[PDB]
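1. The amino acid sequence is not available; the structure is as follows:
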Ligand SMILES: *[C@@H]1O[C@H](CO)[C@@H](O)[C@H](O)[C@H]1NC(C)=O
Ligand SMILES: [Cu+2]
Ligand SMILES: [Cu+2]
Ligand SMILES: [Mg+2]
Ligand SMILES: [Mg+2]
Ligand SMILES: [Mg+2]
Ligand SMILES: [Mg+2]
Ligand SMILES: [O]
Ligand SMILES: [O]
């Protein structure tokens, strides 16, 4: 039951038709009858993570199904990580599979998919599993709205079809010349998977340290930026400018993409100044934060909570900067 | 500035020198037009540009926040015990005018192979003033002769709107006219000081032609060359000692502070030769001969003019300067 074949099959089934109740009777039975609190010896933490999540569920404090999910939303992330924490404590596959089946039917689908992916990646139980490409598990997040609408039409008419995607914007938009870079479905999987492998929410109490993570954070994004500029150079364009909090964002964007639940992704006009975002930050807060990071760089040390100096004039300095940035 | 004496250029950078370049390049800030550096990017030319003085007032105000942070001087801080300035007077009228000055342009033109030079000169109108003599009557009621520092400033009485300035509002606008060290004998004596001897100023430079003539005559005749009567080129030009003023005349405060020369010159000898330009240009190859803060005693806030008026070794008098057009 812990064989790679069965674990892979289990994961395939859990991720199938993710917006609907599971169509697999064996997963249905588990979701109905399994008790995450029913055997604390299943877990390396004596059952604590399961208690934490079940209390949120039983108190009706979890995000509803059929709702957008953003990893950058603090509360939604906290909920996804409560399920990750349970999966991460399972000693044996049946604990992992049964909790995943149980919470698939109780939790928001975006949170569930996120937690299951990082759970597989960061548990030794996940070794050998190949995660399906997210562009087939949640295609809305990788497919423009026009093609999704054709897929909806194919389903409404019960007729199979294959539909061509053809990049956002018009030829009048010079930025479209390089749309094949950032819209490539594999480039997007690269990016999501890097962050799943090296999550900003990681704590070593989850089981292990992620070596040089802050420096790898700098490097992977430096390479994304440098690779994009090489596409611009290939297409008779100048390099990208850098963002400034007090200057206009020249290039707007119309995603022409939609959530499965939540509506169309919002458009940004050309040539707009940053505005304060209610519930997030003031633009001035971003400037102050930037200033404080540059203060550390130019001091050669990061300032600890009690004021003492943390030396960054050494090879680990770039990593510590990644940690704080 | 910053200089190589800065303890931390990585953090504090180089505000003033970088500002020269920032301002100098505002005619072509991105290098699109292939323009050469601005006049602000050479000390030969920087003061030609009006913005020089706006930039340097900006910098001056940074220094001023530091100098304003100290406690105002007290009576006991300022009093040179037993030394009274009884009177301050000037022998001769304070008169400015413009006269003519010539210099050679030969080095600027291109000389042909085996064709003869021709004399090519520029004639400029320059500010100048007539010679005058300070007459400072001091009473030394200490039981012995004492070294004194004579500090002489010119201060505005009213601004361009005809508003009378307080001492605190005048002090940062005062210009240094002289500083010299002289033994004051016991009793009452009038000290005489020629305008030509100011430690703030130096004469017009000797011409290139004159230096060639003198060096050639000495080398060709086997004579020793003695140029020791020539002064340094650092220092306000003698001719610009006084402000232009107006044809109708303008009144100014002539401020004289007589301070304890034994204290001011301690470690630098009050008999030794300090050269002709020590007020702002120091002494070639030697330590700076006046231990007091630059600008003493005007470099701290004076919120209460009564403090200065009660110090016998400080006195100011009204003088008139007339421009002859
Ligand atoms: C979609 O692309 C394929 C191959 O590029 C082509 O044969 C087909 O005609 C295209 N369909 C449409 C509607 O353009
Ligand atoms: Cu990223
Ligand atoms: Cu300067
Ligand atoms: Mg459901
Ligand atoms: Mg912030
Ligand atoms: Mg002199
Ligand atoms: Mg007094
Ligand atoms: O300067
Ligand atoms: O300067």
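-> Arrived safely. Numbering: from 1, shown residues only, chains lettered A, B, ... in the order given. Ligands and ions are numbered 1, 2, ... in the order given.
2. for the closest residue to chain B within the stretch 1-150 of chain A, helix, strand, or coil?
-> The nearest approach of the stretch 1-150 of chain A to chain B comes at residue A:72, 33.2 Å away (CB to the nearest CB). Yep, even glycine has a C-beta here, placed from its N, CA and C like the rest. Following DSSP: H, G, I helix; E, B strand; the rest coil, residue A:72 is assigned to coil.
3. Tell me how far it lies from ligand 5.
-> For residue A:72, the distance to ligand 5 equals 13 Å [CB to the ion, to the nearest Å].
4. I'd like to know how many residues surround that residue.
-> 8 (other CB atoms under 10 Å in any protein chain shown).
5. What residues sit buried inside stretch B:100-120?
-> By neighbour count with 16 or more other CB atoms under 10 Å in any protein chain shown, stretch B:100-120 contains no buried residues.
6. Next: stretch B:40-57.
-> Using 16+ other CB under 10 Å as the test for burial, stretch B:40-57 gives B:40-41, B:46, B:52, B:55.
7. contact partners of it?
-> Identification of contacts with stretch B:40-57 by CB atoms under 8 Å, 6 or more residues apart in numbering or on different chains yields B:19-21, B:23-25, B:38-39.
8. Just the buried ones from those?
-> B:20, B:23-25, B:38-39.
9. Looking at the stretch 51-200 of chain A, what residue ends up closest to ligand 7?
-> Relative to ligand 7, the nearest point of the stretch 51-200 of chain A is residue A:74 (64.9 Å; CB to the ion).
10. actually chain B, sorry about that
-> residue B:310 (2.4 Å).
11. ok, now chain A?
-> For chain A, CB to the ion, closest residue to ligand 7: residue A:307, 44.0 Å.
12. what helix or strand is that residue on?
-> Using DSSP states H and E, residue A:307 sits in no helix or strand.
13. measure it to residue A:288 for me?
-> 18 Å (CB to CB, to the nearest Å).
14. Compare the two (neighbour count), which wins?
-> Between residue A:307 and residue A:288, counting by other CB under 10 Å, residue A:288 is the more crowded of the two (12 against 6).
15. Need the contact partners of the helix or strand harbouring that one.
-> Counting by DSSP H and E, the element that carries residue A:288 is helix A:283-299. Residues outside helix A:283-299 that contact it (CB under 8 Å, 6+ apart) are A:245-246, A:274-276, A:302-303, A:309, A:312, A:321, A:324-325, B:10-11.
16. Show me the two of those that sit farthest apart.
-> For these, the farthest-apart pair by CB to CB is A:275 and A:309; their separation is 36.5 Å.
17. Settle it for me: which of those two has more neighbours?
-> Between residue A:275 and residue A:309, counted using other CB under 10 Å, residue A:309 has the larger neighbour count: 12 against 8.
18. Spatially nearest residue to that one (excluding sequence neighbours)?
-> Using CB to CB, 6 or more residues apart in numbering or on different chains and skipping the chain neighbours, the partner closest in space to residue A:309 is residue A:301 (4.0 Å).
19. Show me the beta-bridge partners of that neighbour.
-> Here residue A:301 shows beta-bridge partners residue A:311, assigned using DSSP bridges.
20. count of residues packed around it?
-> Neighbours around residue A:301, by other CB under 10 Å: 17.
21. looking at it, it is touching residue A:307, isn't it?
-> No. Counting by CB atoms under 8 Å, residue A:301 does not reach residue A:307; the two are 10.9 Å apart.
22. Would you agree residue B:178 falls within a strand?
-> Yes. Counting by three-state DSSP, residue B:178 falls inside a strand.
23. Secondary structure element for residue 226, which one?
-> You didn't say which chain, so I picked chain A. For residue A:226, the element it lies in under DSSP H and E is helix A:213-234.
24. Show the contacting residues for the residue lying closest to residue B:246 once chain neighbours are set aside.
-> Leaving aside its chain neighbours, residue B:246 sits nearest to residue B:323 (5.7 Å; criterion: CB to CB, 6+ apart). By CB under 8 Å, 6+ apart, the contact list for residue B:323 reads B:95-97, B:244-247.
25. top of these by neighbour count?
-> Within those, residue B:96 tops the neighbour count with 22 neighbours, counted by other CB under 10 Å.
26. ok, residues contacting the one helix or strand that one maps to?
-> Under the criterion of DSSP H and E, residue B:96 resides in strand B:94-104. Residues lying outside strand B:94-104 but in contact with it, judged by CB under 8 Å, 6+ apart, are B:119-130, B:132, B:204, B:207-209, B:242-245, B:319-325.
27. Can you tell me which residues in the stretch 51-200 of chain B are near ligand 7?
-> Proximity of the stretch 51-200 of chain B to ligand 7, by CB under 5 Å from the ion, involves residues residue B:75.
28. same thing but at 8 Å, please
-> Neighbours of ligand 7 within the stretch 51-200 of chain B, by CB under 8 Å from the ion: B:74-75, B:78-79.
29. Which of those fall within strands?
-> Among these, no residue falls in strands (DSSP state E).
30. now for those residues, which pair is the farthest apart?
-> The distance between the two most remote of these (CB to CB) is 8.9 Å, for B:74 and B:79.
31. ok, the two, which is more surrounded?
-> Legend: neighbour count by other CB under 10 Å for residue B:74 and residue B:79, higher for residue B:79 (17 against 11).
32. can you tell me how far the residue positioned nearest the centre of chain B sits from residue B:237?
-> The centroid of chain B falls nearest to residue B:200 when counting by CA atoms, centre = their mean (3.8 Å). Separation of residue B:200 from residue B:237 (CB to CB): 10 Å.
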